[PDB]
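Engineer: Can you keep this structure in mind? I'll have questions shortly.
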Amino acid sequence: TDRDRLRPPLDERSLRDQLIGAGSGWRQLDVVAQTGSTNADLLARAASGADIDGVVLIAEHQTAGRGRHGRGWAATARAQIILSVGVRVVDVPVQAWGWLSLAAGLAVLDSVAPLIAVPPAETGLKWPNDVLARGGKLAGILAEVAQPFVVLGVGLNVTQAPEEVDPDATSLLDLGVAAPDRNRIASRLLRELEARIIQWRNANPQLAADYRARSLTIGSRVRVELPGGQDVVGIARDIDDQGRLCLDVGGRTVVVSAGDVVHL
Ligand SMILES: Nc1ncnc2c1ncn2[C@H]1CC[C@@H](CNS(=O)(=O)NC(=O)CCCC[C@@H]2SC[C@@H]3NC(=O)N[C@@H]32)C1
Numbered sequence: 002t003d004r005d006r007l008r009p010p011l012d013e014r015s016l017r018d019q020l021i022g023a024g025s026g027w028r029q030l031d032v033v034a035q036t037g038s039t040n041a042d043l044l045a046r047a048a049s050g051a052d053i054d055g056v057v058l059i060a061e062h063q064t065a066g067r068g069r070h071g072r073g074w075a076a077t078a079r080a081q082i083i084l085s086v087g088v089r090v091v092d093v094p095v096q097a098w099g100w101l102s103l104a105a106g107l108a109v110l111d112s113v114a115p116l117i118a119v120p121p122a123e124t125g126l127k128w129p130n131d132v133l134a135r136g137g138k139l140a141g142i143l144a145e146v147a148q149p150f151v152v153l154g155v156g157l158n159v160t161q162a163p164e165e166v167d168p169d170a171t172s173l174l175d176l177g178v179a180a181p182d183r184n185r186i187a188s189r190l191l192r193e194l195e196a197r198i199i200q201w202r203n204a205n206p207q208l209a210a211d212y213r214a215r216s217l218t219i220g221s222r223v224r225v226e227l228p229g230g231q232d233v234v235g236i237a238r239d240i241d242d243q244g245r246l247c248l249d250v251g252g253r254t255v256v257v258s259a260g261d262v263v264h265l
């Protein structure tokens, strides 16, 4: 397609020089031409004994991507920022691990927000793992547990056309960013991510506060599709200390640990 001219490759050397060294917590960064799933790859490293804390894996293309709840993730080469990072979590109470996922979405949003000229309506965070812009899914986040680690995965649509991946998707290009630079965006993303991970590890109240400020879900009428197929309709009110969504259902509180949110 014509978007190929807007998709130059990543510069691995430059990313390493920016992100590895004094002042940074990232220990390793690799760019691979392609793989099945960056999340699976880092999980596999950990499963064979690797210390993956602060390890970054970026793929130009991903052929067997994973979404939440056994779903998939679609991509074409060089159209997204596709990455996974390792996070040691055993030092943090297990009940707080759900916030690491929310923190990642916040980091992704903050990394790309200033690139848009004028933010259209419905731009922000949808619980529990969506970055939305103009109602479209700009990025998806997947967290997978492999004690003592969590592997955090990010799929961010940079020039990816919705016709290539999913009808409800959007990208920076489709949001009016004419020539997005994936090298600059990747660096910004990883720096934002480091800060949010540190905040999460230290239970900094600003993490929850900043998330709330960018939430599209809180205050909205929602239908939540639960694991198992059930739907619950209510109004989202808050996120608890476990990262769970708190719903007002006719005056009753229903707290949801996992589900698919539709804003009504
Ligand atoms: N590229 C896409 N953009 C927007 N929506 C998409 C795209 N591809 C598929 N979709 C739809 C089709 C299935 C839906 C999956 N939604 S979900 O259940 O909330 N899961 C997610 O959003 C988590 C996605 C995480 C993908 C990252 S990419 C690198 C890392 N490795 C990996 O295999 N997964 C993560 C979204």
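The numbering of the sequence shown is full-length UniProt numbering, which starts it at 2 and goes up by one. Each residue gets a CB set at the ideal place from its N, CA and C atoms; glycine is no exception.
Under the rule that 16 or more other beta-carbon atoms within 10 Å means buried, what is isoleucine 199, buried or exposed?
Structural biologist: Its Cβ having fewer than 16 others within 10 Å, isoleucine 199 is exposed.
Engineer: Ligand 1 heavy atoms versus the CB of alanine 75: any closer than 6 Å?
Structural biologist: Indeed, a heavy atom of ligand 1 lies less than 6 Å from the Cβ.
Engineer: With DSSP as the reference, please indicate the residues paired to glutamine 96 in a beta bridge.
Structural biologist: Beta-bridge pairing links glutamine 96 to no other residue.
Engineer: Tell me whether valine 159, by its Cβ, gets closer than 6 Å to a heavy atom of ligand 1.
Structural biologist: Result no, Cβ not under 6 Å from ligand 1.
Engineer: Decide if the segment 28-39 is in contact with the segment 118-134; the criterion is three or more beta carbon pairs, one per stretch, under 8 Å apart.
Structural biologist: No: the two stretches stay apart, fewer than three of their Cβ pairs being nearer than 8 Å.
Engineer: Throw me the rounded Cβ distance for the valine 155 and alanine 105 pair, which I believe falls under 8 Å.
Structural biologist: That pair is a contact at about 7 Å.
Engineer: Under the criterion of a Cβ to heavy atom distance below 6 Å, does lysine 127 qualify as lining ligand 1?
Structural biologist: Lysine 127: no, Cβ never under 6 Å from ligand 1.
Engineer: Buried or exposed for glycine 260, going by 16 or more other Cβ atoms inside 10 Å?
Structural biologist: Per the 10 Å Cβ criterion, buried.
Engineer: Who are the near neighbours of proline 10 in its chain, counting only those whose CB is closer than 7 Å to its CB and skipping five residues on each side?
Structural biologist: The answer, listed in chain order, is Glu61 and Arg79.
Engineer: For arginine 14, count neighbouring C-beta atoms within 10 Å of its own C-beta (all shown protein chains included) and say buried if the count is 16 or more, exposed if not.
Structural biologist: It counts as exposed.
Engineer: In the DSSP output, which residue or residues are listed as bridge partners for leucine 133?
Structural biologist: Bridge partners of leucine 133: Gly125 and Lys138.
Engineer: I'd like to know whether the C-beta of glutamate 145 is nearer than 7 Å to at least one C-beta of chain D.
Structural biologist: No chain D appears in the structure shown, which is made up of a single protein chain.
Engineer: Could you check whether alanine 45 and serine 102 sit closer than 7 Å to each other, using their CB atoms as the reference points?
Structural biologist: No, Cβ-Cβ distance for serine 102 and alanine 45 is not below 7 Å.
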